[PDB]
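Everything below concerns the one structure shown next.
FYI the Cβ positions are ideal-geometry reconstructions off the backbone, even for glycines, and counts take in every protein chain you see. None of the figures in this text is laboratory data; all of them are computed from the coordinates on show.
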Amino acid sequence: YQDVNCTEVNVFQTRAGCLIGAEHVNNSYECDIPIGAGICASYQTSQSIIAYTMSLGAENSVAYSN
Amino acid sequence: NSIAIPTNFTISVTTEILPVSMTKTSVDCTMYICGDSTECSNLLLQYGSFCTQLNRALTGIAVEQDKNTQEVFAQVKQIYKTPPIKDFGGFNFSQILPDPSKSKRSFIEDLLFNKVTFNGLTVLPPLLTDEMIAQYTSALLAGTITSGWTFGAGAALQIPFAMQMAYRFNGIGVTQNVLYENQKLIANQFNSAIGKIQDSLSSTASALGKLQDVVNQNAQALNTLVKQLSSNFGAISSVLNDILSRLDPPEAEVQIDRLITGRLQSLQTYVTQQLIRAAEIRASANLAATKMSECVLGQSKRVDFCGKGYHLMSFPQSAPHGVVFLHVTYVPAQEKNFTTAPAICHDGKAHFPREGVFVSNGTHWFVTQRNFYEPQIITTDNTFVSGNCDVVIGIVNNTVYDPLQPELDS
Amino acid sequence: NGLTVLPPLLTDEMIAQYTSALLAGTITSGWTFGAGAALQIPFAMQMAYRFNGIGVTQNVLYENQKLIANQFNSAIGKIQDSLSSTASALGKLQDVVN
Amino acid sequence: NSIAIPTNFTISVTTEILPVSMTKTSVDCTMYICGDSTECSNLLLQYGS
Amino acid sequence: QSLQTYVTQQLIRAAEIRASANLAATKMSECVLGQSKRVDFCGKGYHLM
Amino acid sequence: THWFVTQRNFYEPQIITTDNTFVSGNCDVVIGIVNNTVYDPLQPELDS
Ligand SMILES: *[C@@H]1O[C@H](CO)[C@@H](O[C@@H]2O[C@H](CO)[C@@H](O[C@@H]3O[C@H](CO)[C@@H](O)[C@H](O)[C@@H]3O)[C@H](O)[C@H]2NC(C)=O)[C@H](O)[C@H]1NC(C)=O
Ligand SMILES: *[C@@H]1O[C@H](CO)[C@@H](O[C@@H]2O[C@H](CO)[C@@H](O[C@@H]3O[C@H](CO)[C@@H](O)[C@H](O)[C@@H]3O)[C@H](O)[C@H]2NC(C)=O)[C@H](O)[C@H]1NC(C)=O
Ligand SMILES: *[C@@H]1O[C@H](CO)[C@@H](O[C@@H]2O[C@H](CO)[C@@H](O[C@@H]3O[C@H](CO)[C@@H](O)[C@H](O)[C@@H]3O)[C@H](O)[C@H]2NC(C)=O)[C@H](O)[C@H]1NC(C)=O
Ligand SMILES: *[C@@H]1O[C@H](CO)[C@@H](O[C@@H]2O[C@H](CO)[C@@H](O)[C@H](O)[C@H]2NC(C)=O)[C@H](O)[C@H]1NC(C)=O
Ligand SMILES: *[C@@H]1O[C@H](CO)[C@@H](O[C@@H]2O[C@H](CO)[C@@H](O)[C@H](O)[C@H]2NC(C)=O)[C@H](O)[C@H]1NC(C)=O
Ligand SMILES: *[C@@H]1O[C@H](CO)[C@@H](O[C@@H]2O[C@H](CO)[C@@H](O)[C@H](O)[C@H]2NC(C)=O)[C@H](O)[C@H]1NC(C)=O
Ligand SMILES: *[C@@H]1O[C@H](CO)[C@@H](O[C@@H]2O[C@H](CO)[C@@H](O)[C@H](O)[C@H]2NC(C)=O)[C@H](O)[C@H]1NC(C)=O
Ligand SMILES: *[C@@H]1O[C@H](CO)[C@@H](O)[C@H](O)[C@H]1NC(C)=O
Ligand SMILES: *[C@@H]1O[C@H](CO)[C@@H](O)[C@H](O)[C@H]1NC(C)=O
């Protein structure tokens, strides 16, 4: 629900508004289904829709030395 | 016979600012035209698909602002980061690499974000937060700084920055010993040129104007859209509730059909102007995505595409609704006159330079690279032969130095 | 009937002063005037660097510079004839006016 | 086993034409819709912006 | 609607001219001020000037 | 302990030689310079 204030009727408040029916995960993945403000959703393991901040890629310390 | 050749150079840094995305504004034509007013809704639905094709059209614009933001910044395969020791050959990126002490924007990106400024309306959030644009631009920075063009074309192969700039100098036709003999000067020229930007974005407002215009056009398009709710359009009141109090349905439904005709033409105006504006901004997002692939992820041979002067490299800095490129350019300096010739006659053969240009200090003669006077004695190791003194106009008589004959004479 | 036509900022004479400067930059100083200062270079040598940039070695200009002057001069005359005989080339401007 | 290599060249001077600017035509909204009529102008202001 | 039709045609025709002015600005920067190595961008044959 | 020269975009280790190298100035100005021989493809021929 876009911009609504999340006591306005599994249940959660993204920056984009209230997301119902998906679990918020302390993890990140590629942005499978977009939602906005860095939040995305995907279908994962027992299966559910999960919601998370997207990941921009593998972090890589290029092994620079002079 | 007259040529001028630079004795010296200035590395200069220039700022190019490009729009990338509008605000993702969307407007319910139901609540804009009618809104908590079923007597109007029952009238509006008779005009058929118009409100559905407006919601669909502004939704197309909204999704495209995230495609534009994606195609400019999300070019990099991985989130590269720098080692702890900043041993970049004495070049100093302090203003432009991210501050761990803050979003983790860089110093120059903060100065960029510091210099840019309700019924039926909605504003959707962009898909990449400003912090995610700052992580993508840090990946683009640290990729470019540690691995040259290679992260744009495969793996991020590391190289020392003193040698990365030697490839960039070699690429503009300036022989790489010109870098190595001058690397302390060149680091000081680069560093103080980013310093001039760190001043300019703090003291002066004019640079961000090209992003501020994207903001000002949208705020004026929405104020104009909302002020059109107050207009009469020939109905007895512009307030929808006044008609739905003061008049019975047989008159009120004709009065409302004037308002619906008006409030529908204000939306068709705004949505057409936002479709046109989105095409204008998408052409700048495609220009930005191009400049990032060609000038950051590469080195551009394209004249005045990445600033005046020959392009060494460039750095992206995020900005609200846009991108900023710090283009780095060799600009030639301190030219001197010399007599020149296309070729020389030595024992009657015409000798031509392999890559350089022939020049004279009034008396003797030298080859040099064209972009920086570095005279070298005219040997067989820096010339090639074709034909004889007849066929070339203005061929000079001068000695060529054979480099074998001193060795063989021993 | 409420219709009006504003003048362009640059007059067509001032546009001819810009094209004149771009000609003089390109003829006297090669590509250099795009990168900063106009470093002069003789035009026969400028064309040897234009040739060298496309993988034809400098001697192939210098051994043939009389032929290349005549080919170029011929081709410039052909453009005056081609513009003079038919307006159809300017059809991309004329469509915008129409 | 075979390549063709050009034994000569032709310099060509191909011409290309590009449009750059429109005529800067501006039309006044009121003098177009209403001409000099004060009564039409007072009705035109009911359509707002 | 007669005026707003013409303005909407001109906003689209202006963008078709901006797309062409940007191409003419690009061809001047690369092909007058420089020597492009971009095939067919500046005439058939290999570009000299 | 010993050094090679290669093209940049594919590993092909040649010997460091007077055909594939050029000179400018004495050591001290190049920050990070190293010590190695440069083979000469023609200077051994004094004996023959
Ligand atoms: C043009 O460039 C040449 C570079 O070869 C200049 O000639 C060279 O100049 C140096 C000194 O600058 C000469 O060596 C020194 O000459 C003085 C003369 O008093 C002597 O005391 C020293 O023991 C030493 O020999 C060098 O011989 C000379 N080379 C040649 C081939 O002539 C030249 O001066 C420059 N400018 C002009 C106007 O010619
Ligand atoms: C560059 O050096 C060449 C070779 O020394 C110079 O060209 C040659 O100049 C000589 C006289 O200095 C010419 O020989 C004379 O020819 C006349 C007839 O023209 C004859 O009566 C004399 O007995 C004598 O043989 C020679 O023909 C000429 N060769 C050519 C190919 O022109 C040249 O002048 C020098 N140029 C410069 C810019 O220093
Ligand atoms: C390379 O191609 C060019 C054309 O792109 C050739 O240029 C000109 O070609 C004509 C023949 O098609 C030459 O005509 C001959 O000229 C002499 C007098 O110079 C005349 O007596 C003959 O009856 C005949 O018409 C013309 O000379 C030539 N232009 C120049 C300035 O050379 C060129 O011939 C080609 N290169 C070679 C090696 O043939
Ligand atoms: C890189 O540039 C920064 C400035 O952007 C330099 O940092 C300054 O260094 C002096 C001397 O250590 C300090 O007194 C200043 O407080 C520093 N900050 C500023 C904003 O001036 C830094 O020294 C440069 N060199 C390196 C290798 O980092
Ligand atoms: C080339 O230009 C640089 C500056 O861009 C010159 O370096 C300056 O040299 C003077 C003394 O001649 C010093 O006072 C300055 O401190 C130097 N500036 C910098 C930024 O280091 C250099 O001398 C010039 N000359 C040549 C032949 O390269
Ligand atoms: C450069 O141009 C000059 C003309 O400006 C050419 O002609 C010679 O010019 C010198 C004086 O600069 C005179 O002493 C000669 O007598 C002129 N030649 C003739 C045939 O009279 C000159 O040949 C040109 N040089 C080059 C290198 O192209
Ligand atoms: C390369 O090796 C030479 C010796 O073969 C080094 O030169 C000596 O360096 C010491 C440094 O304290 C001086 O005391 C000597 O006088 C130098 N001898 C000569 C002949 O110059 C040189 O420093 C080495 N270079 C590098 C970059 O390692
Ligand atoms: C509603 O939104 C505001 C911020 O816009 C926030 O302060 C408030 O806590 C929200 N309401 C609830 C129930 O959290
Ligand atoms: C490379 O790193 C080492 C670290 O001790 C340093 O001594 C050396 O001067 C550096 N070389 C260059 C060319 O930066």
Based on alpha-carbon centroids, what's the gap between segment B:82-133 and segment B:317-350 in Å, whole number please? 33
Using only Cα atoms and rounding to the nearest 10 degrees, what angle (0 to 90) does helix E:2-27 make with the longest principal axis of chain E? 10
Let me know the shape class of chain B, please: from the alpha-carbon gyration tensor, a ≥ b ≥ c as square roots of the eigenvalues, rounded when a/c is under 1.5, otherwise prolate if a/b is greater than b/c, or oblate. prolate
For the protein assembly as shown, the dipole about the Cα centre with charges only on Cβ (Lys and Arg +1, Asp and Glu -1), to the nearest 20 debye, works out at 500
What dipole magnitude, in Debye to the nearest 20, does chain E give about its Cα centre under +1 on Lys/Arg Cβ and -1 on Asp/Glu Cβ? 100
Ignore the peptide's own chain and count Cβ atoms of other chains within 10 Å of each Cβ in B:77-85; give me the average, rounded. 4
If r is the Cβ-Cβ distance from B:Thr204 to B:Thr399 and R0 is 45 Å, what FRET efficiency results, to the nearest 0.05? 0.20
Per residue of chain B, what 222 nm ellipticity follows from adding -39500 (n - 2.57) for every DSSP H run with n ≥ 4, rounded to the nearest 500? -13500 deg cm²/dmol
Inter-probe distance in nm under a simple model that places probes 7 Å from Cα toward Cβ, at B:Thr379 and B:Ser103: 5.5
Per-pair calculated FRET efficiency, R0 = 41 Å: D:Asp28 and C:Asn73 via Cβ, rounded to 0.05: 0.20
Take the alpha carbon gyration tensor of segment B:338-410, find the square roots of its eigenvalues, order them as a ≥ b ≥ c, and report rounded if a/c is under 1.5; if not, report prolate when a/b exceeds b/c, else oblate. oblate
Each label sits 7 Å from Cα toward the beta-carbon; between B:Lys336 and B:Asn223 the label points are separated, in nm, by 6.1
List the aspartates and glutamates whose Cα lies under 16 Å from the Cα of B:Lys184, skipping any in the same chain that are fewer than 8 positions away. B:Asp87, F:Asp28
Holding the Cα-Cα limit at 29 Å, pick out from B:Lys67/B:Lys227; B:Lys308/C:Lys66; B:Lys115/E:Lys37; B:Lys67/E:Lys44; B:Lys67/C:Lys92; B:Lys104/B:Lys291 the pairs that are longer than that. B:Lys67/B:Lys227; B:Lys308/C:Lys66; B:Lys115/E:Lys37; B:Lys67/E:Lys44; B:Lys67/C:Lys92
Give the angle, between 0 and 90 degrees and rounded to the nearest 10, that separates the Cα long axis of helix C:65-85 from the longest principal axis of the Cα atoms of chain C. 20
Between A:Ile33 and F:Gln43, what is the spin-label point distance in nm, taking each point 7 Å from the Cα along the Cα→C-beta axis? 7.3
A student applying the Cα gyration tensor rule (rounded when a/c is under 1.5; otherwise prolate if a/b is larger than b/c, oblate if not) would label the protein assembly as shown oblate
